Amino acid sequence: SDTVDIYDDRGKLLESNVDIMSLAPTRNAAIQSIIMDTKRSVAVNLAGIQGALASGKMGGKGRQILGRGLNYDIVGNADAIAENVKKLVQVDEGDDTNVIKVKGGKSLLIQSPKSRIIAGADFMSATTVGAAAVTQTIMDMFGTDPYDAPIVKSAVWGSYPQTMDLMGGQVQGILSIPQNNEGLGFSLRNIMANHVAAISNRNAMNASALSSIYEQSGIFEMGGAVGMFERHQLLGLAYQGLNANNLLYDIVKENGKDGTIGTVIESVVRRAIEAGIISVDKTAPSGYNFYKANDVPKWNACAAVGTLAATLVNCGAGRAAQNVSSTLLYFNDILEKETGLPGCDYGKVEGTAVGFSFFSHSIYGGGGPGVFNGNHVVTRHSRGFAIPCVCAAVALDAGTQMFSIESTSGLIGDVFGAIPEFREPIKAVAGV
Amino acid sequence: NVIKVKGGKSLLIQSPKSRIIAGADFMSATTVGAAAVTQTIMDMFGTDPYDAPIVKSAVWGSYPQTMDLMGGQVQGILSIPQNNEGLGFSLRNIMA
Amino acid sequence: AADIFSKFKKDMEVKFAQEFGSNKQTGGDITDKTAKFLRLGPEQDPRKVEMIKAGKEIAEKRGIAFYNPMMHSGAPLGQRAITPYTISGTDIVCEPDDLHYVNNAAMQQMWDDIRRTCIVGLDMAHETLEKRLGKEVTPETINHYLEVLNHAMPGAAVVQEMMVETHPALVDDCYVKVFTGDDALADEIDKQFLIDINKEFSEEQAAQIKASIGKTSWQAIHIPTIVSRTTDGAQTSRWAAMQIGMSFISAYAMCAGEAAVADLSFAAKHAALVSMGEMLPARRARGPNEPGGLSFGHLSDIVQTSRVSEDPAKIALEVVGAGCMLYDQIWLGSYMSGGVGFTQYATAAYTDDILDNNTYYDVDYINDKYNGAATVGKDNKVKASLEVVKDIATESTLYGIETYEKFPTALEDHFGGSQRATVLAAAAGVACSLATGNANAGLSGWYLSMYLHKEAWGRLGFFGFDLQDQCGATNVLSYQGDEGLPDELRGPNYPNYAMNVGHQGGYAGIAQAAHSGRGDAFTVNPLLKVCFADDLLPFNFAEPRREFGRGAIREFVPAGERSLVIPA
Amino acid sequence: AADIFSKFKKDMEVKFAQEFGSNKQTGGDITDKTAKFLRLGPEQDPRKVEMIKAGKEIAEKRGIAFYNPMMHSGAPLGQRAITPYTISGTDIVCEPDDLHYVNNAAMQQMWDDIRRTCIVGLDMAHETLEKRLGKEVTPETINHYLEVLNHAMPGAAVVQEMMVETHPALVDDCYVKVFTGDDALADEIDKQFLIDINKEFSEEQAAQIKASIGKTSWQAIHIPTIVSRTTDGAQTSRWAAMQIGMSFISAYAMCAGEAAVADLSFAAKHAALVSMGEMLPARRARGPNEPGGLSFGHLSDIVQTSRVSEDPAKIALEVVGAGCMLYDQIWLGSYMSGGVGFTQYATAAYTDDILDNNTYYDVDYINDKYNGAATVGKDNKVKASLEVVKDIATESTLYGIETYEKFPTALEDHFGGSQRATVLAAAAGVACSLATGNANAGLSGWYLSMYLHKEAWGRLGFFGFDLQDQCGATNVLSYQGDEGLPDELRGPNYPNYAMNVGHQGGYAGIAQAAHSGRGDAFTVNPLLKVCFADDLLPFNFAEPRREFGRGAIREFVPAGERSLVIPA
Amino acid sequence: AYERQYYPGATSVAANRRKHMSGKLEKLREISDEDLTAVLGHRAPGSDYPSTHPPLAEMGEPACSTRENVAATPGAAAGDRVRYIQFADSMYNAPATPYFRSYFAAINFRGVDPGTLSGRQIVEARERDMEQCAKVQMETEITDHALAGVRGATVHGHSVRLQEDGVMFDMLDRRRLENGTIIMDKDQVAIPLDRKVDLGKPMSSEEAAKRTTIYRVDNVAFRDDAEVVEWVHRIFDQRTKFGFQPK
Ligand code: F43
Ligand SMILES: C[C@@H](OP(=O)(O)O)[C@H](NC(=O)CCCCCCS)C(=O)O
Ligand SMILES: O=S(=O)(O)CCS
Ligand SMILES: O=S(=O)(O)CCS
């Protein structure tokens, strides 16, 4: 019996006395709905297909097949295409298939019925059936000669199956392909930070909330929340992810005007002492107080909140995404030096942040904060407590990045940002 | 559903449907199953923390150095998702 | 066509009717159905004698058994005649063993030249400097950057104190050039760094290339062969990115390690990278820039014959030769298997002018029946149909089969059914591609050839030769997810094609043929076409077949040797 | 220990207090905190002068810019003194540049010898012959099989007519030997094929190996270096399997291609195959037998020092040296990045006897405080605990830090914090492993060293050095799925370890140390330990550090060169 | 109300570390705004700050609680480029050590992106914000300009033996001792300045030893600060235990 009150992104009470166990991906209907919708949905770029058909530019960077041009008005027929795609994507008449025209006909949202996910081993049916539906629809609508069928197919599918993905195709989802998983249970962790920030409409706390839902759904699928580790991860999800007891919001607010990474540490330690979560274990000759954690999972959750609060404060002040890597490192490093207690994830947020800083400031790989995700070799290491900060940091950026949200995730934000549970995940999990 | 089979030489571990519903694929059956067995052995036999790696790898094998539980003691009917040649191929990776 | 038929017959004379080494094949009519088999063993061949002696001495020296032809079951090699191969289109007569990739530096270098190469855009990197640092990028700063880059790329330092570096004498094949669809910028690039699109290509082809890529600028990077050989293909894009990053840091006076540098990294490694090929699935796990990921269009564009010839058949045939070598000898014959391997599965397509004969017969047939459809042009082509494919592929295959039957020497040459199948189907497929300008019409012709072949002789290829060929006709125009694909985008990882010899080089030629018949500048990627339009590379990609011959006669100098640091 | 301390000081004298080339470092006290910096540039170093000359001439010859030290920002390399490195445990004084893997044939050959090697069981194959064909397998048929195999494996024919083959002179490093835990069979094997476990190992170590593997028989296959270089690691098991299959077909008069052959294939490629390392995930996609898949236990077993030395510290230190070279210079420094790379990140752990000094000090400390726990033995070890780790690791790190502080030459030597971190943590980790016989107690000591280091100097390593080190202590005894693992089974793909220099070689030494302290025959795999117990391999795996020195002085002869087919 | 304690230890080194972390640093010298801009090398002295995007007030922002509750810095508000100041600090008792410069920045300045390495420490921030932080680092005891150097590239020196005049080696010779005072006549990437910058007289080795945040066996040994060694031991123990089981 650990309960929290859930507050939204604006610090308003949503629901009181929520058992944290009810927030588990394995029990929570809203979280499972977000997961199902993420699994069953893809975006199709109709304008991209039309351009690819006309130019022969399909199948990857630099690719062009000369002399095979097809001039089909895909976008001008977007409504008829959406209708026929739904007929092909749906399994039964009147089921939960949803095909929606987006951006004046430039793209489609194709949501497979949940039956395709229920009957599938993973989530790729959304992509394959979505792509097949579009391919068949174009073939029929524009009366493609059989010897031109390969051109229509690859306008949609790109270089698949020569490539393992639809490289240079026109179908995208929030997830990747299963073969890109580093580990077992990592599919829901392979979600680009820019995607989450795009979907959140650049709302920092809703971005970290949605990211937390994905990350912890991953940790649960990884078998990293079994036994005592379930309470451990759920306290983190509740407090860091879902603004439990308004702790996240309040710490950010009281540090918002003049605060730093350093002042957030004062807020975190003061509140942890007030709550009785930590107390002085021993005082050294210098007067330095070594603390002890009376509830270790709860202390971890305090540190998780502080890590995100420091991100919102430090990235917020700079309106700069890049500050997140140092924030995660130094909030936890300085917290340990302030208290004698381990930082969030017992070093693993700090550790993740060390490599994350390096790989967002060096020649060797990585990139800006937005390219990272829970399946990324650089940022996988912490158990869900780092990437939510990265998503919030990206949401707060005012325009310093080359690989911005629009650059990498324009289609995703436009196609998926209108889904209520996705844009307002705290409210969704709370039950409004 | 967890059933003892072969006079205790092996177990069937069936995760609740909720783990599959809340998951992107099917590996939660393996990871949760292995985690449950690992935790159970750690507790039942009072393993010292400095011997925990040995108990863990008795179950998980070379994971996560290897992508699979190579030399572990957990198997299912399916493989791991990364062994898929194509998209939608997971249920096709079942040896005859 | 007459001239190629004469080359074919000449090759049969050289191979079978005048003795090679001491094989005592001193006469005979190349149309004779009978022969005498002298049971001379491997000693009839001077290369085999050299190998026997080497194996004997090395076994004695190292103290464990080694090469010994008497370990062959029943009898040693060469109980019939061991006879040479002439590289098609040339007078280079080769020792058969000299065409094994292990024994041929030209073949190994061709792969190394592809493996160690990647293409990285400049525009995004320049946009990064502009936006984040407020830098002004000019031809002057670019030329300075390029000189810094050509110091750094081989493995040398530009920022830190107390660095060790690669020895220049070991990495002299490493360099970076640039090309750009921006003519105004091209005019300002120091010519030592420039691949000049307007100079290297005809005006029509240069126009197609520049129209395709727009006003964008690209780096053609070739990392050291010695590094490529020590490591793998997935090394290449990483190596390129590291030294691109260092050179931007140095040339533009950035902080040596700031946030903006990470954007350059992502650009170089991912967002502006064009690899030769992509990664492969778990059962044949490999990273980028390995032969399995190399699409048929990409190989067609690496091969430079399209740029220097106006003969659409010649252009397709060189791509077939390069492809059969790479895909069958090195890729399927080593990477995916190994041992003795698949030398002659491949040589069947690029030696003794047999494939060339069938192909040029087809060109004349097409031109005479379809108003010159096999001559270069975009508007003189026949509409792709089952009708046209059936006509061309049937005529092609019947002629090729009858040629094997009228010349018993040709049949004994291509002694394996797989070899004959590759030749007949490559000719029929290239022919259908040339006539239609549709690469998948070419694929249809390939598969129909196989079906006719099978019923003609009551045999086809080896045990599993026609897995893809029986799946073939039906998957040509399928639009199902893992079935449909234009041939230009197909490659060794296209599911049906993933295993078997005698095909992949043919499909590459079929892809090229659809575009060479039209006079197209490229088959699928202009960036690769321009990248390899560069004579500084040790392998001459304009004439791959002749290069294999240069290798066979030990006149090819490879890169990456370690002589400098080895004792004498 | 006193002898090693004297060696360390001699190294500092050679490096800093007597001239190297023309660096004019003609005198000095190695404890002096100050120095004069002469701003001589690269010309002070004779190897650098050689490189400059080559760079200039090659640039002139090839017509595009090349190596040019003046392209370095601000000033050319060597504004302070360029000074040599002495290979630890030896008197081999090296040019710094000669320790870059590109310039060092010994380093390249060590990787090739690992990459081109796999182990394949014989028992399954023999059971297949017995069950499916009713064949009787005897010592006679096995010895005949092995002679056939050693003809076939380098790339030569045993069944078909008209085969081309690899030239024996190009593939002389290729061979197959066998070993077996069945003493009765070992007595019957032709000694030219045998790796004798009873001969090569001490009686205790041989007993451990034979008890581990039982009465099973294995093939140690080493495919041609020239093939490994042309292709990749994933080539190796395929190459071995092809020629094993051919040799079984020939030696046992099977049908050359029947259903039973397919069982031999699956046995050789999968069921009875032991690879050096397994495949890697998509972002760093590579097949088997690449450095990233090579577990720390497997490297510890490839290195042969455990077999020939009774000094547990020496055994661990040789593994550290081999690992730092392979994992940092070739793997992380090339495969995973490239360019100038990470030579000195690695050399810090195998030159100038600084790591050795810290380690041997620890051994004396442990023996003194813990009743000789660091001496070889299974029952004299201290129970692994936080208390013992804190004691040994803190003492180790404090001594190492004080040595860097008392000898400013040592600090300037290991000028990068990462280098010092690798040395201090390796010593502390190796010490904890030696004392406890628990490799993960060794890991705990490694991470505690890093933590003490950081607070001592207000700095640690490079920007992202301690990603794994801050995740470190907490993941040592974690049993969470992607966190828990004995160090013996950890490797470069263990998630925390997947990126960064300065660690992987240390972890290999820590794995080895836990078992060398016990006198164990192997660290994790007896099959690899026996496989590399073979002096025929070009690289001496018993003395890896010294081998790097032999490479530096250009006295190492590698395999795989192509001079035979290269023109004059 | 919680009073921060910052860092354990009871030596001069620990006391100096708390001074750096808390930002309680003695001002020792002056640098003009234009000279600071000159040594940083991102724009001409006295010129307007370049921008990477329009001012926040011009383009507007998403309305969420964080942007409303967290005040943008002057540099963020202006849309400044993110630029930097980077230091190398000698291990021979330079007042500063890399991690403690980073703690200084993280604790005392808003909207900063500090990075710690062995041979270089960097603060990235919106240019005008960065200059505020830079000024304090240049003027106060956290920097001795003989034992440290502002270096945006080619940083080698922190671990190299000192020159006999007590100045840390610089490959690119950006700053040196001239007439008993430290002169910097190139910017931090070694481009020559129009006007040399007087960075004041260096600390004596004695004063540096008193002001330093680094431990050394021949000044204040790390081994002798029992509280800090115990702190490490407690962090190590707890991290190890909780990784096994967080209880
Ligand atoms: C440009 C970067 C940013 C980045 O992502 N990587 C660099 C540079 C890169 C380049 C430098 C080559 C060149 O000069 O052109 C290479 C060789 C990687 C490559 N591309 O081949 C490298 N680092 Ni670095 N790099 C190294 C080091 C270091 C140490 C050097 C500290 C000192 O006081 O000298 C510092 C990090 C730290 O402070 O801990 C460092 C930083 C940096 N490292 C800073 C430049 C710092 C500067 O301006 O001088 N390296 C080392 O500490 C030792 C190993 C050494 C590597 C070469 C080798 O192993 O032989 C090299 C490894
Ligand atoms: C992070 C990742 O890079 P990307 O972000 O995917 O571009 C990875 N690089 C590395 O980990 C390089 C490590 C070796 C060079 C740095 C050593 S400290 C790789 O290329 O797969
Ligand atoms: O005989 S098989 O068809 O199995 C192999 C052909 S090389
Ligand atoms: O300076 S960085 O730590 O990013 C690279 C060290 S080689």
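Following Swiss-Prot, chain C residues are numbered 2-569, in order.
Note that Cβ sites are derived from N, Cα and C of the backbone, with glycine treated the same way.
Around C:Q161 (coenzyme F430 binding site), the same-chain residues six or more apart in sequence whose CB sits under 8 Å from its CB are C:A257, listed in sequence order. According to Swiss-Prot, the feature coenzyme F430 binding site maps to C:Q161, an assignment based on experimental evidence.
The Cβ neighbour count for C:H271 (coenzyme B binding site), using a 10 Å radius and every protein chain shown, is 14. In the three-state DSSP scheme, C:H271 (coenzyme B binding site) falls into the helix class. Residues annotated as coenzyme B binding site in Swiss-Prot: C:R239, C:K270, C:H271, C:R284.
What Swiss-Prot records for C:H271 is pros-methylhistidine, and it gives experimental evidence as the kind of evidence.
The annotation 5-methylarginine is assigned in Swiss-Prot to C:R285 on the grounds of experimental evidence. All protein chains shown were included, and the count of other CB atoms within 10 Å of the CB of C:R285 (5-methylarginine) stands at 18.
Cβ environment of C:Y346 (coenzyme M binding site): C:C325, C:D329, C:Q330, C:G334, C:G417, C:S419, C:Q420, C:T423, C:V502, C:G503 lie under 8 Å away, each six or more residues apart in the same chain. Among the features that Swiss-Prot reports, coenzyme M binding site is placed at C:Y346, C:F464.
Residues or ranges marked as 1-thioglycine in Swiss-Prot: C:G465. Secondary structure from DSSP puts C:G465 (1-thioglycine) in coil. Note: C:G465 (1-thioglycine) has non-local neighbours C:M500, C:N501, i.e. same-chain residues 6+ apart with C-beta under 8 A of its own C-beta.
Cβ neighbours of C:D470 ((Z)-2,3-didehydroaspartate) (same chain, under 8 Å, six or more residues apart in sequence): C:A422, C:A426, C:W447, C:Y448, C:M451, C:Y452, C:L461, C:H504. Marked as (Z)-2,3-didehydroaspartate by Swiss-Prot on the basis of experimental evidence: C:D470.
Annotation source Swiss-Prot lists S-methylcysteine at C:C472, citing experimental evidence. C:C472 (S-methylcysteine) falls within neither a helix nor a strand when secondary structure is assigned with DSSP, and so counts as coil.
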Worksheet item: If you measure Cβ to Cβ, which of the recorded positions C:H271, C:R284, C:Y346, C:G465, C:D470, C:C472 are under 8 Å from chain D?
Response: none
Worksheet entry | Rounded inter-Cα distance in Å - C:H271 (coenzyme B binding site), C:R285 (5-methylarginine) | 23
Worksheet item: So which of C:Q161, C:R239, C:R285, C:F464, C:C472, listed as recorded positions, have a Cβ under 6 Å from an atom of ligand 3?
Response: C:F464
Item to complete: Report, in sequence order, every one of the recorded positions (C:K270, C:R285, C:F464, C:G465, C:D470, C:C472) having a CB within less than 8 angstroms of a CB belonging to chain A; if no such residue exists, report 'none'.
Response: C:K270
Practice prompt. Filter the recorded positions C:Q161, C:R239, C:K270, C:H271, C:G465, C:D470 down to the ones with a Cβ under 8 Å from chain E's Cβ atoms, keeping sequence order.
Written response: C:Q161
Worksheet entry | Rounded distance in angstrom between the Cα atoms of C:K270 (coenzyme B binding site) and C:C472 (S-methylcysteine) | 37
Worksheet item: Of C:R239, C:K270, C:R284, C:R285, C:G465, C:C472, which recorded positions come close to ligand 1, meaning Cβ under 6 Å from one of its atoms?
Response: none
Worksheet item: Which of the recorded positions C:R239, C:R284, C:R285, C:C472 has its Cα closest in space to the Cα of C:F464 (coenzyme M binding site)?
Response: C:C472
Worksheet entry | Listed recorded positions (C:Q161, C:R284, C:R285, C:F464, C:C472) that sit near chain B [CB under 8 A] | C:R284
Practice prompt. Tell me, if you would, which residue among C:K270, C:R284 (binding-site residues) has the fewest other CB atoms within 10 Å in the structure shown?
Written response: C:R284
Discussion item. Using Cβ atoms only, which residues of the same chain lie under 8 Å from C:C472 (S-methylcysteine) while being at least 6 residues apart in sequence?
Written reply: C:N497
Discussion item. For a quick check of packing: other C-beta atoms within 10 Å of the C-beta of C:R239 (coenzyme B binding site), how many?
Written reply: 24
Worksheet item: Max Cα-Cα distance in Å among C:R239, C:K270, C:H271, C:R284, the residues listed as binding coenzyme B?
Response: 25
Discussion item. To the nearest Å, how far is the Cα of C:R285 (5-methylarginine) from the Cα of C:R239 (coenzyme B binding site)?
Written reply: 21
Worksheet item: Just checking: which of the recorded positions C:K270, C:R284, C:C472 have a C-beta under 6 Å from ligand 2?
Response: C:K270
Item to complete: Determine the Cβ neighbour count for C:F464 (coenzyme M binding site): the number of other Cβ atoms within 10 Å of its Cβ.
Response: 9
